[PDB]
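The form deposited without coproporphyrinogen III (CP3) is given below as one chain in structure tokens.
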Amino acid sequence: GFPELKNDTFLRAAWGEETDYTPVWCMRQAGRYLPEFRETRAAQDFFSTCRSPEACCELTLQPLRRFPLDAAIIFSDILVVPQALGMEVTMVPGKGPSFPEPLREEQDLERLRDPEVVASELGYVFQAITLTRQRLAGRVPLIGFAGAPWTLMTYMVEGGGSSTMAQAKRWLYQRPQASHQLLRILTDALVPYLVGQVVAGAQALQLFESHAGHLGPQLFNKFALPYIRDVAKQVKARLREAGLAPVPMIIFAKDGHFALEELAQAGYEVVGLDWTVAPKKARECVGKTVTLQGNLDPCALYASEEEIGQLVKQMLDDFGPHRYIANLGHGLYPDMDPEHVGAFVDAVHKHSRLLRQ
């Protein structure tokens, strides 16, 4: 019941197919760097914005009116999941996200909802997705998303961001069983949520393991990787059983250089990269099968439009014209210039075509 997709370059690249140019989108393309985003967000408090389908739809569409991006990503927040699990969150503008009552001991898991009921608590996200898919009218694909189990665990235990994740890693080392219990609750809530996002209209899904870097290989393979593999396996299985077509799935492990090899075998069509991994080395690590996404340093956007063009040209030369979706190595920062974001988008389109003809 949705408009037929007109530009599917993003999906074709995600599946590994040859395309006429490299598709490009930007993490946080709906963000504070756009004045219109700030104005729309000023209408209510953060989570009240996430709960209004029209407001999410509007924020999602704003970057598309400025730039010819090849995908839209639904406006929402990864913290909606721990909130639907029963945790109270606050988004204080100066600080960032906060859980005044973080999980600290094993007994604290008792206050969480059964993960099976989370998707019903997240109906507002499904509404925003259906609405935006209708309003996009098939212009480009709509990407749905959620935080990965370990990363969500970090927010729940730390109560917000952290430079070391010492409290959450302390849980991995001192409370391994409780840790697995929590990661499994998170996985069991994420699967039906992600499946519901596709049922509502999402055409691709991205799992954000933004806090992967704090773990080295060993802890990552024990506590992050199994759940990352499970999410993809179970989402595809449920979509099949429901009669729907699976969608391409992207795993983004920020600062996860050490896990690229396992990630390329984790059941995701696309492996997203941060800007610290040289494209050619990433290609060696992942192989010739998966599609890579990324990975320009977001701060490169502070350089002139002309320099941005050169940096993009070099990035595309390293990735090559196959199995690649362009994006930054992390989300856009609040003080970046919309014109520089436009320069980024245009350079990818221009240089990827030159690189094929």
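Note that residue numbering follows the sequence shown and begins at 1.
Another form, the form deposited with coproporphyrinogen III (CP3) bound, is not on view; read the next lines as being about it.
- The listed set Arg32, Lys313, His322, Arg66 contains one residue whose heavy atoms approach coproporphyrinogen III (CP3) in the deposited bound form to within 4.5 Å, identified as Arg32.
- The stretch in contact with coproporphyrinogen III (CP3) in the deposited bound form, judged by heavy atoms within 4.5 Å, is 68 to 76, chosen from 257 to 265, 110 to 118, 68 to 76, 197 to 205.
- Contact check for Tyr302: every heavy atom lies farther than 4.5 Å from coproporphyrinogen III (CP3) in the deposited bound form.
- Contact annotation: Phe145 falls within 4.5 Å of coproporphyrinogen III (CP3) in the deposited bound form, judged by heavy atom distances.
- Coproporphyrinogen III (CP3) is not shown here, and in the deposited bound form it never comes within 4.5 Å of any heavy atom of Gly138.
- With a 4.5 Å cutoff on heavy atoms, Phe252 counts as touching coproporphyrinogen III (CP3) in the deposited bound form.
- Not one of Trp150, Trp171 and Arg184 comes within 4.5 Å of coproporphyrinogen III (CP3) in the deposited bound form, counting any heavy atom.
- If you take 11 to 28 and check each residue for a heavy atom within 4.5 Å of coproporphyrinogen III (CP3) in the deposited bound form, you get just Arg28.
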